[PDB]
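Trainee: Curious how this folds, go ahead:
(4 chains)
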Amino acid sequence: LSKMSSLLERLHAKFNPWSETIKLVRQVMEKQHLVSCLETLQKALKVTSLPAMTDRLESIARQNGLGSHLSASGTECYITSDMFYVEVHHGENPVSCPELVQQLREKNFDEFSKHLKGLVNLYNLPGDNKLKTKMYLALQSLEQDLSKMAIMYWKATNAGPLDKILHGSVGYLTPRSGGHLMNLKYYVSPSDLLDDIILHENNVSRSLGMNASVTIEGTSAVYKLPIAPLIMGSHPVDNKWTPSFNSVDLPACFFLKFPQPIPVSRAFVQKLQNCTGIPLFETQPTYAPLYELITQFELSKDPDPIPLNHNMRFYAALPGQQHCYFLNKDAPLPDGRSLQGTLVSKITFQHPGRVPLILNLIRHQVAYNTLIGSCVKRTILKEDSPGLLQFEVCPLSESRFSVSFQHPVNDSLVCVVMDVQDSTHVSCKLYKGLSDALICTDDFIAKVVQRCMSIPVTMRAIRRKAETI
Amino acid sequence: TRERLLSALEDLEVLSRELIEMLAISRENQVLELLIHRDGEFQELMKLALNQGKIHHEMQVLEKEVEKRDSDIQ
Amino acid sequence: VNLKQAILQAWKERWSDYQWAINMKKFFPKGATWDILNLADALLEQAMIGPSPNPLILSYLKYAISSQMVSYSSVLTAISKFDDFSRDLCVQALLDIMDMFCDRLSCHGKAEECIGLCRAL
Amino acid sequence: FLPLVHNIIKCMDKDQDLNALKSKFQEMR
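Mentor: Numbers count the residues shown, from 1 in each chain, chains lettered A, B, ... in the order given. There you are, the coordinates:
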């Protein structure tokens, strides 16, 4: 069909040729990614003979805007600011990264181009010359302190990688390599730990979970940051930080950028800000219902051309039974205002002292988002007469929500109120009428949820356990 | 099967040339499809080249045997 | 069939309040003034059960008061049977519903309905 | 054959038209 249309295009070229196409490309030149992807596609064997290659590397720099100086055929250096690296300012060449060496030795010039882009973004700092060198030094001190704090947790408890990610000081931390900055993994959702029962080992993927990056970024305001490692003396349990001043008032703060903005509620902003004065969003922007933002984050994880047009009526299909969940945004909280929140991408912290507290609040907000997020789905359940056991989620207190469903055996509405008090310790209470059939034991539901994943799922277990009895 | 072998090789050559033109136009998943469909075709043509190698062994001796018998019979 | 199933179908497919009124008429040929069938009781039960009141079934009850489907007496009794009182949001919703018909409370019917309004007050 | 074409691909990435012409001559061979 279209393979015969590709044969038709070849016939058209013959009527016209490959040489003519090359001439047209040359004329366009006179007037990156795809190549490397399809190059691995080809790679039964790799390019052995490589006459120039230097010319392509010069071209890659030209497109980047970097400056290339080459000493001999073997060594070529791309130099800008302190971002100087050589394939054979204020610091020694740190490492022969296997990551960069492997990509260059194999036919992946595209991957090398991405790595340079990362290095350029890290050093897109407004400050230049001496101011930039000190600012980088501050980032190095923060990295050393965060690394030590992670080491202390491992010494105190020999926890497995999963425990460190879910409930540990800092988080699984990978030290910065080339352009990539330090990544602290705040949370690994139970459903996504399982892929199509993954055992993490020390080989935990960079993106196999929720990850946050620590970096220095320029700010309009002026702040004091440690310019030397501040954990000179460490109390054996937890950490002790020697007081500031050393430090200098650089016009920037340390940041905890999140790759995908996390929807966060107004209550969390107050709970977090209690610990840290630094204004998170400073200029008060927009603040609408949280449940809408949670749906957008979940729906946009996988992008499709047609907007779901859910009307907050998400439909879920499960191995046994069919369920419809109404998210009920706009339900009044005790204060009389619907849960309202704004996406947060960057959180700024001066020192790491308040960081353990800030992360614990974030873990709770992320966990609540994941349980409510598991329901959001692209289901076209239209005219569904059989099954269709529908249940709904009204926000009744910041950090609490109620899923309401008809009693599985009897007829009265029964509601499970779940509060995300902890990241791994949501506490749920079943509300059932005085005359009703014992629907479930709170512990059995917990065991099924922990062994498996998500909350659309929790409702199935509640229905199945009641029916089995 | 010689005519079929020639045609099979010709199909690979013309489609590869058109793919080069498409790559010049490009600079996504259509070129990814073009690459993986070309993969199957030229890998089967590499198996036909392995058969051409054995044609330069067994089939070559067989052809020589027929030619030698002709002259010997005469 | 039951009033709970009809209200719950009205919640499942999102029905606006007038479409709920039409389909509620269609599901039940005898109107029975809707107070024999206890519309206010079922709407309050399935509005006040998922902690924070869902605005859909409250919109249904506010339409069923503002339009004269449901008498004020059945609403005042169904309000009286709620208590619980630990949730301020459901109580504020009940006081807005009372803010609708109070200061008016005019029965136009039999005298037994007026006595029922007296006991309901 | 294709191993020579793989060498031709490396030249095309490096630059090219001459390599495609070489592939046509290889088809004549």
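
Trainee: hey, where'd the helices end up in chain A?
Mentor: A:2-15, A:18-30, A:33-42, A:54-64, A:98-105, A:109-122, A:130-156, A:161-167, A:190-193, A:266-275, A:290-301, A:355-373, A:442-451, A:456-468 (DSSP state H).

Trainee: need the helices for chain B, in chain order.
Mentor: Using DSSP H, helices in chain B cover B:2-26, B:29-54, B:60-73.

Trainee: just so I know, which of the helices of chain A lies nearest chain C?
Mentor: helix A:290-301 (11.7 Å; CB to the nearest CB). No exception for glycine: its C-beta is placed from N, CA and C like everyone else's.

Trainee: roughly how far out does the closest one sit from the chain middle?
Mentor: Centre-to-centre, helix A:290-301 and its host chain are 14 Å apart (CA atoms, centre = their mean, to the nearest Å).

Trainee: Whatever residue of chain B ends up closest to chain C: neighbour count?
Mentor: For chain B, the residue closest to chain C is residue B:29, as judged by CB to the nearest CB, at 37.1 Å. Neighbour count of residue B:29, defined by other CB atoms under 10 Å in any protein chain shown: 6.

Trainee: Over to residue C:84?
Mentor: Neighbour tally, residue C:84, other CB under 10 Å: 8.

Trainee: What helix or strand is the closest residue to it other than its chain neighbours located in?
Mentor: Leaving out its chain neighbours, the residue that sits closest to residue C:84 by CB to CB, 6 or more residues apart in numbering or on different chains is residue C:90, at 7.3 Å. For residue C:90, the element it lies in under DSSP states H and E is helix C:88-101.

Trainee: Next, the buried residues of that helix.
Mentor: Buried residues in helix C:88-101, counting neighbours by 16 or more other CB atoms under 10 Å in any protein chain shown, are found at C:89, C:90, C:93, C:94, C:97, C:98, C:101.

Trainee: Please apply the same query to stretch A:233-252.
Mentor: Neighbour-count burial for stretch A:233-252 [16+ other CB under 10 Å]: A:239, A:241, A:247, A:248, A:250, A:252.

Trainee: and if you look at stretch C:36-47?
Mentor: So stretch C:36-47, judged by 16+ other CB under 10 Å, has buried residues C:37, C:38, C:39, C:40, C:41, C:42, C:43, C:44, C:45, C:46, C:47.

Trainee: ok, the fourth one to chain D distance?
Mentor: This means residue C:40. Note on residue C:40: its distance to chain D, by CB to the nearest CB, to the nearest Å, is 77 Å.

Trainee: For that residue, give me phi and psi.
Mentor: For residue C:40, the backbone dihedrals (degrees, to the nearest 10) come out as phi -70, psi -30.

Trainee: can you list the residues of chain D near chain A?
Mentor: For chain D, the residues in contact with chain A (CB under 8 Å from any CB of the partner chain) are D:3, D:6, D:7, D:9, D:10, D:13, D:14, D:16, D:17, D:20, D:21, D:24.

Trainee: Look up the closest residue to the fourth one, ignoring the ones flanking it.
Mentor: Think residue D:9. In space, residue D:9 is closest to residue A:42, 6.4 Å off (CB to CB, 6+ apart).

Trainee: Over to the second one?
Mentor: Closest residue in space to residue D:6, ignoring its immediate chain neighbours: residue A:45 at 6.3 Å, by CB to CB, 6+ apart.

Trainee: do the same with the third one
Mentor: Closest residue in space to residue D:7, ignoring its immediate chain neighbours: residue A:49 at 6.6 Å, by CB to CB, 6+ apart.

Trainee: Let me know which of the helices of chain B is the nearest to residue A:352.
Mentor: Of all the helices of chain B, it is helix B:29-54 that lies closest to residue A:352, at 43.9 Å by CB to CB.

Trainee: any idea which residue sits dead centre in chain D?
Mentor: residue D:8 (3.3 Å; CA atoms, centre = their mean).

Trainee: Is that one in contact with residue D:19, as I believe?
Mentor: Yes: when contacts are counted by CB atoms under 8 Å, residue D:8 is listed as touching residue D:19 (4.2 Å).

Trainee: Run through the residues that contact residue 46.
Mentor: Looking at chain A here, since you left the chain open. A:106, A:107 (CB atoms under 8 Å, 6 or more residues apart in numbering or on different chains).

Trainee: that's the wrong chain, I meant chain C
Mentor: A:413, C:4, C:7, C:8, C:11, C:57.

Trainee: Near chain C, which residues of the stretch 301-450 of chain A? Just list them.
Mentor: So the stretch 301-450 of chain A meets chain C at A:311, A:313, A:324, A:326, A:328, A:330-334, A:336, A:388, A:390, A:392-397, A:400, A:402-404, A:406, A:411-413, A:415, A:417, A:431 (CB under 8 Å from any CB).
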